[PDB]
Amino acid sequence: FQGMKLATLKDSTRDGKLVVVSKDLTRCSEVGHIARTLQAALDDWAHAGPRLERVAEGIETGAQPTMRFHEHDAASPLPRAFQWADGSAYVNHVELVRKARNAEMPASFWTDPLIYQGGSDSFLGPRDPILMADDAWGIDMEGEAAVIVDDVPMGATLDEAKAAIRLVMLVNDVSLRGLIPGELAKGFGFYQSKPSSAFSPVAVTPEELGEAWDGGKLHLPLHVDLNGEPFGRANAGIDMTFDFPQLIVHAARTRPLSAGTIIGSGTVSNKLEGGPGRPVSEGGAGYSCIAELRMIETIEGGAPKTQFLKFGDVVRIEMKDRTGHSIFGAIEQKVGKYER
């Protein structure tokens, strides 16, 4: 027996309720005698992990009592986290955005990973609406993968970083494109322009991924849908200039990463014949965000065309295994106005 899936169910507490989820995402089991929350399990993984694995095995064989798992009831696996740090591993994407400003990208960007520190304390659940005051802010989804690490020492090596990867999940790094230029122009990175993100209903162990996980990257299309229509099928194993251990090593240069740290891959992006990717409806692999499409329209046609997310739109993100079954469950979110 190999692999397991974990989820956090919304409840009256801030950290929610940890459950072990069946491979098919239909059944789950509370595990309060081992750990009440995912963070607690991570805090003591060396001991809690093996015990959760036995529960996972028991769910598979039916020896373990279960209830129904409802993605609509899931929080993000860590509803609040101690760290959210997001890379830009598909350096093609940042090349496109840099090139749209009609500027050249330093060679250094192929060798030196980007990362930003994100808000970690108020993540949206996979099915919660993206609520915002104003959709003139260039609301955009950003489909990525993330790993959750155990403790990582300051100055960690690649072997250390690899070995510290405990869970994988999908992410929607919600962005406000209209606010980005002026904010970064302040010089202090992202804050207002990067609101609360959302993660998939389930996080899985590397073992669960099977051959789709090479120890440092995922080798599967990331399905991003917009209003029911395929928007991106970009392969997470293609054009990824920096893998997860590389991002982790980068992150740990001058600081430890405590257990529960979430590292984002950055928006998944694919080139086509060495050129900008083309849309799915044209045979291309599409895009994991609307920003990348607009950049390409800007380069191609001198300016953006396709509009960002407006109230009422729906975005879906999920990853399917070789046989077509969902691995992490689905992020599916309706954009709507925040009621104050």
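In this text, residue numbers run from 1 along the sequence as written.
When 296-304 is weighed against 49-57, 296-304 comes out higher, by mean CA B-factor as recorded in the entry. For the segment pair 58-66 and 278-286, the entry gives 278-286 the higher mean B-factor, averaged over Cα atoms. Within the listed group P245, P230, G118, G143, the record reports its top CA B-factor for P230. Across the residues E104, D128, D150, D86, the deposited record lists the maximum Cα B factor for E104. In this PDB entry, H325 carries a Cα temperature factor that places it within the highest third of its chain's modelled residues. Per the deposited record, the Cα B-factor of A100 falls in the highest third when ranked against the other modelled residues of its chain. Placement of the Cα temperature factor of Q2 within the chain: highest third of the modelled residues, per the deposited record. The deposited CA B-factor of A75 belongs to the lowest third of values across its chain. In the deposited entry, the Cα temperature factor of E160 sits in the middle third of values across the chain's modelled residues.
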